[PDB]
Number of protein chains: 2
Amino acid sequence: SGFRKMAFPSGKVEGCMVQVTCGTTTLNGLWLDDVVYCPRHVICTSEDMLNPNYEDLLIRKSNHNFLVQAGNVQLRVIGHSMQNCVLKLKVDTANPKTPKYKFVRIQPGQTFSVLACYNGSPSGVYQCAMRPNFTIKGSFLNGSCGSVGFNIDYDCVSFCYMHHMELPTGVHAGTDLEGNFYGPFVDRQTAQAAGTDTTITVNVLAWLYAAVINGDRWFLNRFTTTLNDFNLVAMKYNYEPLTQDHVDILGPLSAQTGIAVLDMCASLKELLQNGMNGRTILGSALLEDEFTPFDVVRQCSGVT
Amino acid sequence: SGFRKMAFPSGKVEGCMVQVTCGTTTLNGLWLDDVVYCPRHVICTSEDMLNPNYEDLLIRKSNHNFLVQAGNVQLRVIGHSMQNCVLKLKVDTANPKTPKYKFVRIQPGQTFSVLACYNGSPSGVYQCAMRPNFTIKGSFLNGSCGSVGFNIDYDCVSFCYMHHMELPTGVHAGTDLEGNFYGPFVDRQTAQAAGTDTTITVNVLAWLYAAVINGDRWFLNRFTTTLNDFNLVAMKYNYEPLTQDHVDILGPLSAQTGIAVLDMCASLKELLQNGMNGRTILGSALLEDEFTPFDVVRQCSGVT
Ligand SMILES: CC(=O)NCc1ccc(S(N)(=O)=O)cc1
Ligand SMILES: CC(=O)NCc1ccc(S(N)(=O)=O)cc1
């Protein structure tokens, strides 16, 4: 028993982290087979970042301008290309620690693990969610660009995020491993405001199920509601609308606990309207939305 | 910027996890050099756990009764001994992935990473603290016994915890890697109540410093206090007494932020007396005490 914000074991990804240096800029790269993936802004001076023309900056760069170091050993770059906002550096050596892997573009509300890295060296691992405004709330200092987000299915690492920038509000923006930004963000040092950071309703419901499973049940009430009635309250409280797809996804937690999804919706509605009144749920004074229904099943069942 | 509950990268420890089976009991072992460490209750039936005589149960066990599997490969057990509440199984093969390592017994308030494992396979990694009542608030299902807690200093894993039991209140108890329980707990299925779970004051102060550093400053007030005055409020709110040793440890965060430790104490005092009034700090509606001053410096500076 007990419920923790839990990251995937990071060893498979630690095995892939390298240092990329172009001129005086160093950041992190991901070494899979004989390709190193990194943010294309590795080619920018801090001046360049104000208004970079990436195609024009890249003309001035050759293979030997990209310095790739894996541990204390230099990789030979035999090719480079730009795909959206990432550089792919072809090296002459396949990463021998390359795990089974996929590139996946996640949806808002989806959770993943970040291996925060500096100079191609892992510092830490944390769990986070793609926010409905396509930001993430990470912990990233200068040099952390190219740090990656991932999920693991048994022995297959699905990479979903590469870190690129911090917005002036101190939230984070990045790409999938095809170099396409989540949300409207660009790899430029300009005014970029995030939209409304709404609460991931289905994730809150999953976490309330996790709480019931772990014995925290004080918030269970006498009421039910409808998807339409619930959604009126959701909208008022900047919670994402709940769809029948979300209800279906919560089916197994509903079944395990014998609490119908709409009854749990009515409990959540009373928590929004009444607040927590100084009480906690799974040791939180606010409603946690960075567990997916899949995360709650995984942690409550013990998947490895 | 941003501040996350961050675990150490787990790969060095993933490399050490094995499955130990004695009779019908399977749990996790830690394979360092040619020794596998595991909870001695691996030799107990669920009946045995009510009143185990470990010395007498162990007489009935030989080397070949301990089945050690690392991946899908069986290790040969050439010796076994009981040290306090752990078994040490000598195997004929040194773990080739053995990291540089130490065994350390931590103090209450100290944080560490847990690699939660089942059948010797890592499922997840989370950060937690040795509570002042020598419990930890983990996430452990049946089969998670032998899962270990650790800190990393560059390339040296300091193992500080092995998971042994869940108390009837659903909090967790375990040993250092010499098999000595944290607190008064025993590896027996009996009434065992935890003492007062007090708040780790120095850790709250560290986290308030982390908040100031990351731009969350609304709680900074006009007041100071003394260690004696502060400690009167601490005691009233079940916070641990603050010592001059704690003040000294907070010195570098004090220096970085230009907020004297006693002024931050006076801010914390007003937060205890006034509550958060529906406001958050680093996205928490309560005061987080599972970051050490060292954790805050590490995360705010980017140590790898
Ligand atoms: C050329 C060769 O034989 N092997 C390639 C290799 C493998 C691992 C690393 S690593 N994980 O130390 O950075 C670096 C280079
Ligand atoms: C006998 C030998 O040559 N090597 C020992 C060995 C190394 C690694 C593993 S492991 N990490 O697959 O479980 C299992 C056994």
Side-chain angles (χ1 to χ4, degrees), chain A residues 9-21 26-38 63 66-79 89-101 115 117-123 146-148 152 154-155 157 304, chain B residues 9-21 26-38 63 66-79 89-101 115 117-123 146-148 152 154-155 157 304:
Chain A
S10 58
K12 278 167 202 291
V13 182
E14 291 170 51
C16 303
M17 299 314 305
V18 299
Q19 186 186 64
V20 183
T21 300
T26 298
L27 44 55
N28 304 286
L30 182 72
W31 182 25
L32 298 172
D33 303 323
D34 60 348
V35 185
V36 172
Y37 303 80
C38 77
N63 285 344
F66 300 97
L67 303 173
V68 185
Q69 193 177 331
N72 63 283
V73 166
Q74 210 70 21
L75 304 183
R76 188 183 296 281
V77 179
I78 63 174
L89 310 176
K90 203 198 175 173
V91 283
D92 73 348
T93 307
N95 184 355
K97 308 180 183 175
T98 302
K100 180 169 149 39
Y101 74 85
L115 183 64
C117 293
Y118 298 89
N119 303 114
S121 288
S123 38
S147 294
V148 301
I152 308 179
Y154 176 39
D155 69 341
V157 180
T304 65
Chain B
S10 58
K12 278 167 202 291
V13 182
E14 291 170 51
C16 303
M17 299 314 305
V18 299
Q19 186 186 64
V20 183
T21 300
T26 298
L27 44 55
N28 304 286
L30 182 72
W31 182 25
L32 298 172
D33 303 323
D34 60 348
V35 185
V36 172
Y37 303 80
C38 77
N63 285 344
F66 300 97
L67 303 173
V68 185
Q69 193 177 331
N72 63 283
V73 166
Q74 210 70 21
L75 304 183
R76 188 183 296 281
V77 179
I78 63 174
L89 310 176
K90 203 198 175 173
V91 283
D92 73 348
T93 307
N95 184 355
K97 308 180 183 175
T98 302
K100 180 169 149 39
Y101 74 85
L115 183 64
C117 293
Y118 298 89
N119 303 114
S121 288
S123 38
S147 294
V148 301
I152 308 179
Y154 176 39
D155 69 341
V157 180
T304 65

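Residue numbers begin at 1 in each chain, while the letters A, B, ... track the order of the sequences. When a ligand or atom number is given, it counts from 1 through the structure's own listing order.
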Side chain A/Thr98, main chain A/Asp33, donor-acceptor under 3.5 Å: yes
A/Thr93 backbone acceptor or donor facing A/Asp34 side chain under 3.5 Å: no
Contact residues of ligand 2 (heavy atom under 4.0 Å), by chain and number: B/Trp31, B/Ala70, B/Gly71, B/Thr93, B/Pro96, B/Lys97
B/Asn95 side, atom CG; B/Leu32 side, atom CG - distance, nearest 0.5 Å: 7.0 Å
Test ring pair (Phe, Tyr, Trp, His ring centres under 6.0 Å) applied to A/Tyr37 - qualifying residues, sequence neighbours left out: A/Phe103
Pairwise distance OH(A/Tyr118) to CG(A/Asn28) - rounded to 0.5 angstrom: 8.5 Å
Nearest heavy-atom neighbours spanning A/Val77 and A/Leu89: CG1-CB, 4.3 Å
